[PDB]
file coords.txt (compact mmCIF, C-alpha atoms)
# COMPACT_ATOMS: atom_id res chain seq x y z
CA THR A 38 136.89 112.23 76.42
CA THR A 39 133.97 114.56 75.50
CA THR A 40 130.33 113.65 75.92
CA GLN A 41 127.03 114.62 74.33
CA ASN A 42 123.84 115.23 76.30
CA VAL A 43 121.02 113.09 75.00
CA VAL A 44 117.59 114.37 76.03
CA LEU A 45 114.86 111.77 75.77
CA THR A 46 111.28 113.13 75.78
CA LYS A 47 108.31 110.85 76.07
CA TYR A 48 105.05 112.27 74.72
CA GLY A 49 101.66 110.56 74.80
CA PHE A 50 99.08 111.33 72.11
CA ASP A 51 95.41 110.46 71.67
CA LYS A 52 94.92 106.86 70.60
CA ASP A 53 94.34 107.73 66.95
CA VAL A 54 97.18 110.17 66.51
CA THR A 55 100.59 109.17 65.25
CA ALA A 56 103.18 111.89 65.74
CA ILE A 57 105.62 112.65 62.94
CA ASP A 58 109.28 111.89 63.60
CA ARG A 59 111.53 114.69 64.86
CA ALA A 60 115.27 114.77 64.15
CA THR A 61 117.84 114.98 66.94
CA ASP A 62 118.43 118.68 66.24
CA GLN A 63 114.81 119.66 66.83
CA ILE A 64 113.58 120.86 70.20
CA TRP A 65 109.97 119.77 70.21
CA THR A 66 107.42 120.78 72.79
CA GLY A 67 104.98 118.03 71.97
CA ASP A 68 102.06 120.21 70.83
CA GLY A 69 98.94 118.17 71.25
CA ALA A 70 100.47 115.59 73.63
CA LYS A 71 101.02 114.92 77.33
CA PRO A 72 104.55 114.49 78.73
CA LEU A 73 104.77 111.01 80.26
CA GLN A 74 106.36 110.80 83.69
CA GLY A 75 107.88 107.73 85.34
CA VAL A 76 108.87 105.77 82.26
CA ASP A 77 112.03 103.70 82.89
CA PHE A 78 114.86 103.36 80.33
CA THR A 79 118.14 101.53 80.27
CA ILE A 80 120.78 102.84 77.91
CA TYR A 81 123.14 100.10 76.68
CA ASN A 82 126.60 100.75 75.34
CA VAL A 83 126.44 98.68 72.18
CA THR A 84 129.69 99.99 70.66
CA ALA A 85 131.35 96.57 70.84
CA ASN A 86 128.28 94.71 69.50
CA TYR A 87 127.92 97.11 66.64
CA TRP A 88 131.56 97.32 65.61
CA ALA A 89 131.92 93.54 65.76
CA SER A 90 130.07 93.75 62.39
CA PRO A 91 128.28 97.02 61.54
CA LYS A 92 126.31 95.76 58.52
CA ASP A 93 124.92 92.93 60.65
CA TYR A 94 123.95 95.03 63.66
CA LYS A 95 120.24 94.85 64.45
CA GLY A 96 119.88 96.11 68.01
CA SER A 97 121.34 93.33 70.08
CA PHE A 98 122.35 94.52 73.52
CA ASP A 99 123.34 91.03 74.62
CA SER A 100 126.42 91.33 76.88
CA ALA A 101 126.45 95.10 76.34
CA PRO A 102 127.39 97.17 79.38
CA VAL A 103 124.77 99.43 80.89
CA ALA A 104 125.74 102.99 80.04
CA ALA A 105 122.97 104.45 82.22
CA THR A 106 119.49 104.09 83.55
CA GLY A 107 116.88 106.78 83.95
CA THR A 108 113.24 107.63 84.49
CA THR A 109 111.29 110.41 82.76
CA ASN A 110 110.42 113.40 84.97
CA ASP A 111 107.32 115.63 85.00
CA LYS A 112 108.30 117.06 81.66
CA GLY A 113 108.47 113.52 80.31
CA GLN A 114 112.22 113.89 80.06
CA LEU A 115 115.47 112.30 81.04
CA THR A 116 118.88 113.64 80.16
CA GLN A 117 122.10 111.66 80.01
CA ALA A 118 125.62 112.68 79.07
CA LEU A 119 127.15 109.94 76.92
CA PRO A 120 130.82 109.57 75.84
CA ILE A 121 130.99 110.21 72.09
CA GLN A 122 133.78 107.63 71.71
CA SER A 123 134.03 104.14 73.23
CA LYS A 124 136.01 100.92 72.74
CA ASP A 125 135.06 97.98 70.56
CA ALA A 126 135.48 94.40 71.70
CA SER A 127 139.23 94.46 70.99
CA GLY A 128 139.84 97.72 72.85
CA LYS A 129 140.02 99.94 69.77
CA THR A 130 138.48 103.41 70.11
CA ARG A 131 135.39 103.82 67.90
CA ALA A 132 132.46 106.20 67.48
CA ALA A 133 130.17 105.16 70.34
CA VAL A 134 126.79 103.48 69.74
CA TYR A 135 124.04 103.48 72.36
CA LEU A 136 120.81 101.52 72.52
CA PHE A 137 117.76 102.88 74.38
CA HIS A 138 115.61 100.17 75.89
CA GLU A 139 112.36 100.98 77.66
CA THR A 140 112.02 98.75 80.71
CA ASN A 141 108.88 100.14 82.37
CA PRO A 142 106.18 101.90 80.33
CA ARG A 143 103.66 104.19 81.93
CA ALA A 144 100.37 102.56 82.88
CA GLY A 145 98.01 102.83 79.91
CA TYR A 146 100.80 102.91 77.29
CA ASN A 147 102.46 100.30 75.13
CA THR A 148 106.20 99.89 75.37
CA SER A 149 108.25 101.62 72.68
CA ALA A 150 110.62 99.94 70.24
CA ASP A 151 114.33 99.76 71.03
CA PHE A 152 116.37 102.30 69.12
CA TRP A 153 120.04 103.08 68.78
CA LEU A 154 122.30 105.78 67.43
CA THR A 155 125.93 106.64 66.82
CA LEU A 156 127.60 109.63 68.45
CA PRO A 157 128.38 112.41 67.90
CA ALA A 158 124.86 113.07 66.64
CA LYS A 159 123.47 116.23 65.07
CA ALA A 160 122.69 118.46 68.02
CA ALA A 161 120.14 121.24 68.42
CA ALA A 162 121.15 124.90 68.83
CA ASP A 163 121.59 124.26 72.57
CA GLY A 164 124.10 121.49 71.97
CA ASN A 165 121.72 118.73 73.09
CA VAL A 166 120.68 115.64 71.11
CA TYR A 167 116.89 115.11 71.22
CA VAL A 168 115.19 111.73 70.89
CA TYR A 169 111.47 111.05 71.06
CA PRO A 170 110.49 107.41 71.41
CA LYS A 171 106.87 106.76 70.44
CA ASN A 172 104.46 105.53 73.09
CA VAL A 173 101.12 104.33 71.82
CA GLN A 174 98.29 104.77 74.28
CA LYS A 175 96.39 101.59 74.90
CA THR A 176 92.77 101.15 75.73
CA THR A 177 92.19 100.32 79.35
CA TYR A 178 89.01 99.95 81.30
CA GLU A 179 87.55 101.04 84.59
CA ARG A 180 84.77 100.17 86.99
CA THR A 181 82.82 102.27 89.47
CA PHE A 182 80.53 101.15 92.30
CA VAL A 183 78.30 103.21 94.51
CA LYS A 184 77.50 101.87 97.99
CA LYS A 185 73.97 102.65 99.18
CA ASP A 186 71.73 101.99 102.15
CA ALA A 187 69.18 99.55 100.69
CA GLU A 188 66.35 101.12 102.69
CA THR A 189 66.99 104.84 102.35
CA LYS A 190 68.83 104.59 99.00
CA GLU A 191 71.31 107.15 100.33
CA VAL A 192 74.97 106.74 99.56
CA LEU A 193 76.91 104.98 102.29
CA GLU A 194 80.44 105.88 103.29
CA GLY A 195 83.11 103.62 104.72
CA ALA A 196 82.18 100.17 103.40
CA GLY A 197 85.35 98.20 102.59
CA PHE A 198 85.70 95.80 99.65
CA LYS A 199 88.18 93.43 98.10
CA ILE A 200 88.23 92.31 94.48
CA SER A 201 88.90 88.72 93.43
CA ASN A 202 89.42 87.00 90.09
CA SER A 203 88.30 83.60 88.79
CA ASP A 204 91.46 81.99 90.25
CA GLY A 205 90.45 83.08 93.73
CA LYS A 206 93.32 85.56 93.89
CA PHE A 207 92.70 89.13 95.11
CA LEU A 208 93.63 92.55 93.73
CA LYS A 209 96.59 94.38 95.22
CA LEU A 210 97.67 97.70 93.78
CA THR A 211 101.40 98.49 93.71
CA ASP A 212 103.53 101.38 92.49
CA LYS A 213 105.40 101.16 89.17
CA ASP A 214 108.17 99.21 90.95
CA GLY A 215 105.98 96.60 92.63
CA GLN A 216 106.12 98.29 96.03
CA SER A 217 103.06 98.56 98.30
CA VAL A 218 101.10 101.81 98.30
CA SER A 219 98.52 103.08 100.78
CA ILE A 220 95.22 103.20 98.99
CA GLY A 221 92.56 105.49 100.36
CA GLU A 222 88.81 105.80 99.94
CA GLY A 223 86.89 106.29 96.68
CA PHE A 224 87.74 105.69 93.03
CA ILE A 225 91.45 104.94 92.54
CA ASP A 226 93.10 106.53 89.54
CA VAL A 227 95.62 103.84 88.64
CA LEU A 228 96.42 105.62 85.36
CA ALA A 229 97.13 109.02 86.92
CA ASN A 230 99.27 107.47 89.65
CA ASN A 231 101.05 104.98 87.43
CA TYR A 232 100.00 102.05 89.66
CA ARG A 233 99.96 98.36 88.81
CA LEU A 234 97.27 95.73 89.30
CA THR A 235 98.58 92.54 90.90
CA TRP A 236 96.87 89.40 92.15
CA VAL A 237 97.77 88.06 95.56
CA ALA A 238 96.47 86.15 98.59
CA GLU A 239 93.32 87.56 100.22
CA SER A 240 95.13 88.70 103.36
CA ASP A 241 97.50 90.82 101.23
CA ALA A 242 94.73 92.37 99.10
CA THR A 243 94.04 96.06 98.69
CA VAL A 244 90.87 97.22 100.42
CA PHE A 245 88.79 99.69 98.48
CA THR A 246 86.44 101.84 100.55
CA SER A 247 83.31 103.73 99.62
CA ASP A 248 83.84 107.47 100.07
CA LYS A 249 81.48 110.26 101.15
CA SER A 250 79.62 109.79 97.87
CA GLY A 251 79.43 106.03 98.26
CA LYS A 252 81.91 105.67 95.39
CA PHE A 253 84.77 103.28 94.95
CA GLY A 254 86.48 101.49 92.07
CA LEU A 255 89.51 101.96 89.84
CA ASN A 256 90.72 102.32 86.27
CA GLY A 257 93.67 100.59 84.63
CA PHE A 258 92.06 97.21 84.00
CA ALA A 259 93.62 95.41 81.02
CA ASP A 260 90.36 94.22 79.39
CA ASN A 261 86.57 94.35 79.61
CA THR A 262 85.89 90.62 79.20
CA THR A 263 87.30 89.24 82.44
CA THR A 264 84.89 88.70 85.32
CA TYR A 265 85.89 89.83 88.79
CA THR A 266 84.02 89.82 92.06
CA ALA A 267 83.63 92.65 94.55
CA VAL A 268 83.48 91.22 98.06
CA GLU A 269 82.43 93.34 101.02
CA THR A 270 85.00 92.79 103.75
CA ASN A 271 84.23 95.73 105.98
CA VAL A 272 80.55 96.27 106.68
CA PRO A 273 79.42 99.50 108.33
CA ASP A 274 77.97 98.81 111.78
CA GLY A 275 74.19 98.36 111.66
CA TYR A 276 74.28 96.83 108.18
CA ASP A 277 74.30 93.35 106.67
CA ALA A 278 76.97 92.57 104.07
CA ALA A 279 75.94 92.77 100.42
CA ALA A 280 76.05 89.65 98.32
CA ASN A 281 79.22 89.35 96.26
CA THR A 282 79.06 91.36 93.07
CA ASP A 283 80.32 89.90 89.82
CA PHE A 284 81.47 92.45 87.29
CA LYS A 285 83.50 93.22 84.19
CA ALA A 286 85.69 96.26 83.73
CA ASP A 287 83.23 97.79 81.30
CA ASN A 288 83.54 101.50 82.30
CA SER A 289 80.10 101.40 83.93
CA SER A 290 78.91 102.49 87.33
CA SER A 291 76.50 100.40 89.37
CA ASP A 292 75.01 100.35 92.88
CA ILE A 293 75.79 97.92 95.68
CA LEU A 294 73.13 97.81 98.41
CA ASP A 295 73.69 97.29 102.12
CA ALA A 296 70.57 96.28 104.00
CA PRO A 297 70.14 97.70 107.47
CA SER A 298 70.33 94.86 109.97
CA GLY A 299 66.89 94.02 111.35
CA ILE A 300 66.16 94.27 115.05
CA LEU A 301 63.20 92.26 116.32
CA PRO A 302 61.28 92.92 119.58

call {"tool": "encode", "arguments": {"input": "coords.txt", "output": "structure tokens"}}
result
Amino acid sequence: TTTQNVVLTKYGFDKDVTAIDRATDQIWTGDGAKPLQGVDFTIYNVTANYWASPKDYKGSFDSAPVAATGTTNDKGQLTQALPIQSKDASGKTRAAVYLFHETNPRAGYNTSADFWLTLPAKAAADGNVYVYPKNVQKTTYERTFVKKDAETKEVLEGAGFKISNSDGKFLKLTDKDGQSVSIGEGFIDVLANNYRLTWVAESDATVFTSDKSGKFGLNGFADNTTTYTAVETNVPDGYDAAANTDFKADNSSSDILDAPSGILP
């Protein structure tokens, strides 16, 4: 009838740093790493799969009941009480086995490998069981643009843009769950906000808007080889639209000029 608290902590390290494994009885603060928030896990009860044939068990959670779901908090943690005993396929009580399956990694990180364990596990001094799945940071790319008045060369606020790809689809940012978000002016930190880049019809696209510094753009691009196009869709009054701007997510910044509209006598 008793349970054990499993505490899962998700730490991100620098791209060239591979953290050493920590046992379940070690409370580890992650020295040198950032706790990763918003990472989704499903915990499967694989007791029946495992006990069907222990020596053959290799992490299948096919037909396994969901024991729990969770999402890491600001400390990169989720905690779940799990029954230490559970039934096998025939209804016989066994030591429980649980499989942790990451379903939604944080933007900018690779997904971690499935892992499983039998309960009761060796617990720390506080009675909790600590697990630390490894999340390898991936390289992502960004792009910055600066809107300027072509005549004065001064930065220009409030020009709205959409971004399209070679398929003629347009960029829409969503939250980690695919839901719409309200995107403001300036450079959008997809990585810090755990957003997602999606490609949709033009009318559903996200509008990026130059801020007080003329800046807009975003990070979180998957590569630096794909060509996109920035298309000015909201031109400040008194200006002519810029020509479309082809670009790659190459971490650069570049200017986009708006020519003042001419007025003839």

call {"tool": "closest_residue", "arguments": {"input": "coords.txt", "among": "A:41, A:114, A:177, A:100", "to": "residue 147 in chain A", "atoms": "only C-alpha atoms"}}
result
A:177

call {"tool": "closest_residue", "arguments": {"input": "coords.txt", "among": "A:77, A:295, A:287, A:51", "to": "residue 272 in chain A", "atoms": "all atoms listed in the file"}}
result
A:295

call {"tool": "closest_residue", "arguments": {"input": "coords.txt", "among": "A:140, A:183, A:176, A:223", "to": "residue 261 in chain A", "atoms": "only C-alpha atoms"}}
result
A:176

call {"tool": "residues_near_point", "arguments": {"input": "coords.txt", "point": "(128.7, 110.2, 66.4)", "cutoff": "9 Å", "atoms": "all atoms listed in the file", "output": "JSON, numbers by chain"}}
result
{"A": [121, 122, 132, 133, 134, 154, 155, 156, 157, 158, 159]}

call {"tool": "write_last_selection", "arguments": {"input": "coords.txt", "atoms": "C-alpha atoms", "output": "PDB file, in the coordinates of the input"}}
result
ATOM      1  CA  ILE A 121     130.990 110.210  72.090  1.00  0.00           C
ATOM      2  CA  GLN A 122     133.780 107.630  71.710  1.00  0.00           C
ATOM      3  CA  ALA A 132     132.460 106.200  67.480  1.00  0.00           C
ATOM      4  CA  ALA A 133     130.170 105.160  70.340  1.00  0.00           C
ATOM      5  CA  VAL A 134     126.790 103.480  69.740  1.00  0.00           C
ATOM      6  CA  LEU A 154     122.300 105.780  67.430  1.00  0.00           C
ATOM      7  CA  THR A 155     125.930 106.640  66.820  1.00  0.00           C
ATOM      8  CA  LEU A 156     127.600 109.630  68.450  1.00  0.00           C
ATOM      9  CA  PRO A 157     128.380 112.410  67.900  1.00  0.00           C
ATOM     10  CA  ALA A 158     124.860 113.070  66.640  1.00  0.00           C
ATOM     11  CA  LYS A 159     123.470 116.230  65.070  1.00  0.00           C
TER      12      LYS A 159
END

call {"tool": "residues_around", "arguments": {"input": "coords.txt", "residues": "residue 97 in chain A", "least_positions_apart": "6", "cutoff": "9 Å", "atoms": "all atoms listed in the file", "output": "PyMOL selection string"}}
result
chain A and resi 83+86-87+136

call {"tool": "closest_residue", "arguments": {"input": "coords.txt", "among": "A:95, A:52, A:209, A:112", "to": "residue 234 in chain A", "atoms": "all atoms listed in the file"}}
result
A:209

call {"tool": "atom_distance", "arguments": {"input": "coords.txt", "atom1": "CA of residue 226 in chain A", "atom2": "CA of residue 138 in chain A"}}
result
27.1 Å

call {"tool": "residues_around", "arguments": {"input": "coords.txt", "residues": "range 47-49 of chain A", "least_positions_apart": "5", "cutoff": "9 Å", "atoms": "all atoms listed in the file", "output": "NGL selection string"}}
result
:A and (67 or 69-74 or 76 or 109 or 112-115 or 146 or 168-174)

call {"tool": "residues_around", "arguments": {"input": "coords.txt", "residues": "residue 118 in chain A", "least_positions_apart": "6", "cutoff": "8 Å", "atoms": "only C-alpha atoms", "output": "PDB file with C-alpha atoms, keeping the file's coordinate frame"}}
result
ATOM      1  CA  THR A  40     130.330 113.650  75.920  1.00  0.00           C
ATOM      2  CA  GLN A  41     127.030 114.620  74.330  1.00  0.00           C
ATOM      3  CA  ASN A  42     123.840 115.230  76.300  1.00  0.00           C
ATOM      4  CA  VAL A  43     121.020 113.090  75.000  1.00  0.00           C
TER       5      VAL A  43
END

call {"tool": "closest_residue", "arguments": {"input": "coords.txt", "among": "A:80, A:244, A:259, A:89", "to": "residue 152 in chain A", "atoms": "all atoms listed in the file"}}
result
A:80

call {"tool": "closest_residue", "arguments": {"input": "coords.txt", "among": "A:279, A:193, A:150, A:161", "to": "residue 44 in chain A", "atoms": "only C-alpha atoms"}}
result
A:161

call {"tool": "atom_distance", "arguments": {"input": "coords.txt", "atom1": "CA of residue 233 in chain A", "atom2": "CA of residue 211 in chain A"}}
result
5.1 Å

call {"tool": "atom_distance", "arguments": {"input": "coords.txt", "atom1": "CA of residue 185 in chain A", "atom2": "CA of residue 247 in chain A"}}
result
9.4 Å

call {"tool": "residues_around", "arguments": {"input": "coords.txt", "residues": "residue 291 in chain A", "least_positions_apart": "2", "cutoff": "7 Å", "atoms": "only C-alpha atoms", "output": "ChimeraX atom specification"}}
result
/A:181-183,289,293

call {"tool": "residues_near_point", "arguments": {"input": "coords.txt", "point": "(90.4, 104.1, 85.9)", "cutoff": "6 Å", "atoms": "only C-alpha atoms", "output": "PyMOL selection string"}}
result
chain A and resi 179+226-227+255-257

call {"tool": "decode", "arguments": {"input": "coords.txt", "residues": "range 95-132 of chain A", "atoms": "N, CA and C atoms", "output": "short mmCIF file (atom, residue, chain, number, x, y, z; two decimals), in the first residue's frame"}}
result
data_model
loop_
_atom_site.label_atom_id
_atom_site.label_comp_id
_atom_site.auth_asym_id
_atom_site.auth_seq_id
_atom_site.Cartn_x
_atom_site.Cartn_y
_atom_site.Cartn_z
N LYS A 95 13.15 -4.72 -22.06
CA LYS A 95 14.04 -3.72 -22.62
C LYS A 95 13.37 -2.36 -22.78
N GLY A 96 12.39 -2.07 -21.94
CA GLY A 96 11.83 -0.73 -21.90
C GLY A 96 10.53 -0.58 -22.67
N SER A 97 9.92 -1.69 -23.07
CA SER A 97 8.63 -1.53 -23.72
C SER A 97 7.61 -0.98 -22.73
N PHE A 98 6.86 0.04 -23.16
CA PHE A 98 5.71 0.45 -22.38
C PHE A 98 4.44 0.26 -23.19
N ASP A 99 4.52 -0.56 -24.22
CA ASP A 99 3.35 -0.94 -24.98
C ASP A 99 2.29 -1.55 -24.07
N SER A 100 1.08 -1.00 -24.14
CA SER A 100 -0.08 -1.42 -23.34
C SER A 100 0.08 -1.21 -21.84
N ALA A 101 1.14 -0.52 -21.43
CA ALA A 101 1.35 -0.23 -20.02
C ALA A 101 0.45 0.92 -19.59
N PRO A 102 -0.18 0.79 -18.41
CA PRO A 102 -0.99 1.91 -17.92
C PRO A 102 -0.13 3.13 -17.61
N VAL A 103 -0.71 4.31 -17.76
CA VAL A 103 -0.05 5.52 -17.33
C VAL A 103 -0.15 5.62 -15.81
N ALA A 104 1.00 5.67 -15.16
CA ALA A 104 1.03 5.81 -13.71
C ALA A 104 0.89 7.27 -13.32
N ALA A 105 1.38 8.18 -14.17
CA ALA A 105 1.32 9.61 -13.91
C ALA A 105 1.84 10.39 -15.08
N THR A 106 1.49 11.68 -15.12
CA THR A 106 2.17 12.60 -16.01
C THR A 106 2.65 13.77 -15.17
N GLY A 107 3.68 14.45 -15.63
CA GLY A 107 4.08 15.68 -14.98
C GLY A 107 4.89 16.57 -15.88
N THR A 108 5.22 17.74 -15.35
CA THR A 108 5.97 18.76 -16.06
C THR A 108 6.95 19.37 -15.06
N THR A 109 8.21 19.54 -15.44
CA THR A 109 9.17 20.10 -14.50
C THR A 109 8.84 21.57 -14.15
N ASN A 110 9.03 21.94 -12.89
CA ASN A 110 8.77 23.30 -12.45
C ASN A 110 10.01 24.19 -12.59
N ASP A 111 10.01 25.34 -11.92
CA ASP A 111 11.12 26.28 -12.04
C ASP A 111 12.41 25.76 -11.47
N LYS A 112 12.33 24.76 -10.61
CA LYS A 112 13.55 24.13 -10.12
C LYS A 112 13.91 22.94 -10.99
N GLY A 113 13.26 22.81 -12.13
CA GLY A 113 13.53 21.71 -13.04
C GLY A 113 13.03 20.38 -12.50
N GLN A 114 12.09 20.44 -11.55
CA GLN A 114 11.68 19.23 -10.87
C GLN A 114 10.22 18.85 -11.05
N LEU A 115 9.99 17.55 -10.96
CA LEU A 115 8.64 17.05 -10.71
C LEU A 115 8.75 15.90 -9.72
N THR A 116 7.74 15.77 -8.89
CA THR A 116 7.75 14.80 -7.82
C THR A 116 6.51 13.96 -7.97
N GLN A 117 6.64 12.64 -7.83
CA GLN A 117 5.49 11.77 -7.96
C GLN A 117 5.59 10.60 -7.00
N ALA A 118 4.57 10.43 -6.17
CA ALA A 118 4.49 9.28 -5.29
C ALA A 118 4.06 8.07 -6.11
N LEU A 119 4.80 6.97 -6.01
CA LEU A 119 4.53 5.78 -6.80
C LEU A 119 4.39 4.58 -5.87
N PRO A 120 3.33 3.76 -6.06
CA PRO A 120 3.18 2.54 -5.26
C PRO A 120 4.42 1.66 -5.43
N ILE A 121 4.97 1.15 -4.32
CA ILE A 121 6.17 0.33 -4.42
C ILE A 121 5.85 -1.09 -4.89
N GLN A 122 4.60 -1.51 -4.75
CA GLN A 122 4.17 -2.81 -5.27
C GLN A 122 3.05 -2.64 -6.28
N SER A 123 2.93 -3.56 -7.23
CA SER A 123 1.90 -3.46 -8.26
C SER A 123 1.66 -4.86 -8.81
N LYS A 124 0.60 -5.05 -9.59
CA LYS A 124 0.27 -6.40 -10.06
C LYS A 124 0.88 -6.68 -11.42
N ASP A 125 1.30 -7.94 -11.63
CA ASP A 125 1.71 -8.36 -12.96
C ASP A 125 0.48 -8.68 -13.80
N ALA A 126 0.70 -9.20 -15.00
CA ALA A 126 -0.40 -9.39 -15.93
C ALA A 126 -1.46 -10.34 -15.38
N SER A 127 -1.04 -11.30 -14.55
CA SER A 127 -1.96 -12.29 -14.01
C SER A 127 -2.61 -11.85 -12.69
N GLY A 128 -2.31 -10.64 -12.24
CA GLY A 128 -2.86 -10.17 -10.97
C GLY A 128 -2.07 -10.54 -9.73
N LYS A 129 -0.84 -11.01 -9.92
CA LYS A 129 0.03 -11.32 -8.78
C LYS A 129 0.79 -10.07 -8.36
N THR A 130 0.82 -9.80 -7.06
CA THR A 130 1.58 -8.66 -6.54
C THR A 130 3.08 -8.86 -6.77
N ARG A 131 3.74 -7.83 -7.29
CA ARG A 131 5.18 -7.84 -7.58
C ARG A 131 5.79 -6.52 -7.12
N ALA A 132 7.11 -6.47 -7.03
CA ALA A 132 7.81 -5.19 -6.92
C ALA A 132 7.46 -4.40 -8.17
#
